[PDB]
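A short write-up of the structure that comes next.
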Amino acid sequence: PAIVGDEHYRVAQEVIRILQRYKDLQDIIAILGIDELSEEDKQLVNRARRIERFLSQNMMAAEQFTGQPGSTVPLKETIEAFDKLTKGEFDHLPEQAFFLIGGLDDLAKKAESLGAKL
Amino acid sequence: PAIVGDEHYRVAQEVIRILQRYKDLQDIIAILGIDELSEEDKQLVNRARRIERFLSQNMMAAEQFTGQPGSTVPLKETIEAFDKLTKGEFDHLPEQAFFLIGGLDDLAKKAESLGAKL
Amino acid sequence: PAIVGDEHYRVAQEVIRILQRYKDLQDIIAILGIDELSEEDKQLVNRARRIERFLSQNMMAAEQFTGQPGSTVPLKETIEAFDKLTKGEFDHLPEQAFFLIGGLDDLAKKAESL
Amino acid sequence: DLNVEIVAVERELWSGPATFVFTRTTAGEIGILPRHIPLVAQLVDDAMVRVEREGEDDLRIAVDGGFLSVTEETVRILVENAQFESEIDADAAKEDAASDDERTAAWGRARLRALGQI
Amino acid sequence: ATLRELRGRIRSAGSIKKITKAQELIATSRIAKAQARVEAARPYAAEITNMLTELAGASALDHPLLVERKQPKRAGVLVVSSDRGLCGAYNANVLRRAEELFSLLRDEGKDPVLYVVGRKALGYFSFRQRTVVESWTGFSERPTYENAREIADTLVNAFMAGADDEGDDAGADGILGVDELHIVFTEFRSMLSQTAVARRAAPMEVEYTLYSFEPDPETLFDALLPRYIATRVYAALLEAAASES
Amino acid sequence: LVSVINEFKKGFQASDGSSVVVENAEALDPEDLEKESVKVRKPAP
Amino acid sequence: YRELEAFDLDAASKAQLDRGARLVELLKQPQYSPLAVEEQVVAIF
């Protein structure tokens, strides 16, 4: 927090906590799936899957492979978007809407293409 | 049986059988929970947890680490207490009542401090 | 198929499929019982039992153990026999008829013997 | 002869030919013969059904939630529940009658009528 | 220490496999039993439906339990879920269907009044801070006609009590009821086709020799309607139990 | 210390607004909903 | 018995489970107590 500010630090720590809790459940999920988890764990698992998709990004150097141009995301936009993800303001969009995109504008556009709304 | 007598041997073997069964069921309890066990196995699991706690004891040399003065338990009292445990006599008491105590009087005192009556 | 041909490969794969399905159903049969099974499952179970019994053969080395001498079944005869078995053409014969025999002629002799 | 079918909600109870079907509908006692007119009636709260075949001992059934439906081809008694005389135990029929609850008292009275105590 | 941990994990996984296989076979037998029970129950349903048809054909279809209410404002949704938890997406699908029904009711200006069967739905709705008027549990594995009768009695009592309710007031009754009854449950179409479905049980829509009705067609119709609703609730419970298995 | 702790608890502002003293899922198509009907073997009125 | 010990069974399986429990109890033996072959035959019988 002393260097990146309190907001950046808090959002990053919440992302890490959610992902760690998701990794801890992988044993149960691998055998039984999310259906046996509690409501809190189910919600956290959905949030963590969306977060892990959203950490991906269409890279600039990846255009030669996929043919899609890369994207740049400002730091403030990244912090705000992941803050919303942790709060749960995108829990209704499909997971694939978060795959290989930039900021929140791309998330909204891809959700619209997939039939959801942001 | 030849050296320690029939009662001591029988009680010790029953304790070992119960604890071995509990070790067998540990993984199932962790993954699928307790309700999926048979009523007999649920009874055995409760018995095993209480036996495991009761095998603990507040030792004199350990006072420096816990602040609780140590206790001593005569062999006859130990045999009788564990014979009662393996028979399900103390299944109504909370398992916490059995943690770091001496004989049966200590068990009654700690259960009373927890509300339960031996 | 490039080595043993199309007919041999098809017959062998059909036999393998039937036996694998029977192995899948074995636990249900053992624990809950055959009667519970559906009619198609029972048909497949009968066919698989017949096939597995017919895979047994009277061996040359078995003469010293049982008076019955051994048999040499030509490969094409085996292929056609197991095609017939997988087509359910001998489901009505008793199971014991398929134990420790040779080709189709032996299967007949043992069937009209019972 | 007419096809008596005593049928409950959970399952079917009894079916077969009969020569006489006596019962107590809400309006009053009714005896159904082979060519009775089509009819729909509500059995009394503690109705009892007596079925008489050609030379066989009558079946006396205590019926709760009974509805009688007679047709030229078949006769049916759709019961919420129904218990035969053989299975009816006299002690329960006596003790549950005239209880605090009207439904249970009616059921006990029906059982007594089936036995014969009324 | 890595090898010892791997051996322990292998033992744990083997025990889990044995338990799950035993559960699968037990569930196969349970499915057989549930199908048998459903088939046993079918004839009574057919007979009572025929009798209700006949009574309707010779009666005045003006029962309060049979006419759409005006300015309706409340619906009674019976969500049927399991008690155990090893079903894969049974409860999840049931609750998604229930949520869809709630959204549909909201679009029509109705406030769902929730009734739940089974503990799993209770946990789901407790997590969502949604009031549950009444819940019944413990019999989802093998429901009997007694439980269906009790559920139908409660639901129909609430529905009728909703007759006098005006606005947020409870009317002359003093009990704020509902203007509709819905049951969300898993229909068992096949060994693979288990579908969560919502069904409006009340009010009932009308679809289009002379029998001797005694004492009169109207009394018989009035007595038969609650038993018809209880029968449909029991059928839903049986089919949901089969779907759960 | 216990008295001070209790006095502090008297006016502690919890996170959820409770003292420490002592969705809109997708709608459903009516056509999906199945209605419980009463069969009538008569011409429509 | 080992296959079925994971366990609502048909008659044959329940009987197999009971027989397996009995046989497992049969092979138990106290220390320093060898049995002559005839006694073993009778016990296994």
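Each chain gets a letter, A, B and so on, in the order its sequence line appears, and its residues count up from 1.
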Less than 4.5 Å to any heavy atom of chain F: does that hold for the side chain of [X], its backbone, both, or neither?
X: E/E187; answer: side chain
X: E/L61; answer: side chain
X: E/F102; answer: neither
X: E/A58; answer: backbone
X: E/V197; answer: side chain
X: E/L66; answer: side chain

Enclosure of [X] [atom1] (heavy-atom neighbours >12, cutoff 6.0 Å):
X: E/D168; atom1: CG; value: no
X: F/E34; atom1: CD; value: yes
X: E/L210; atom1: CG; value: no
X: F/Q13; atom1: CD; value: no

If every non-hydrogen atom of E/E100 is compared with every non-hydrogen atom of F/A25, which pair is closest and at what distance?
N-CB, 4.4 Å
Closest heavy-atom pair and its distance - E/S103, F/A27
CB-CA, 3.7 Å
How about [X] and [Y]: do any of their side-chain heavy atoms sit closer than 4.5 Å?
X: F/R41; Y: E/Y208; value: no
X: F/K35; Y: E/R199; value: no
X: E/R106; Y: F/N24; value: yes

Give a yes or no on whether the backbone of E/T53 and the side-chain of F/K39 come within a donor-acceptor separation of less than 3.5 Å.
no
Ignoring hydrogens and angles, tell me if any N or O in the side chain of F/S37 forms a donor-acceptor pair with the backbone of E/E205 under 3.5 Å.
no
Out of E/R200, E/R128, E/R232, which one racks up the most heavy-atom pairs below 4.5 Å with chain F?
E/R200
Of the backbone (N, CA, C, O) and the side chain (C-beta and beyond), which part of F/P43 lies under 4.5 Å from a heavy atom of chain E, both, or neither?
backbone
Approximate separation, where rounding is to 0.5 Å, of E/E108 CD and F/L28 CG:
9.5 Å
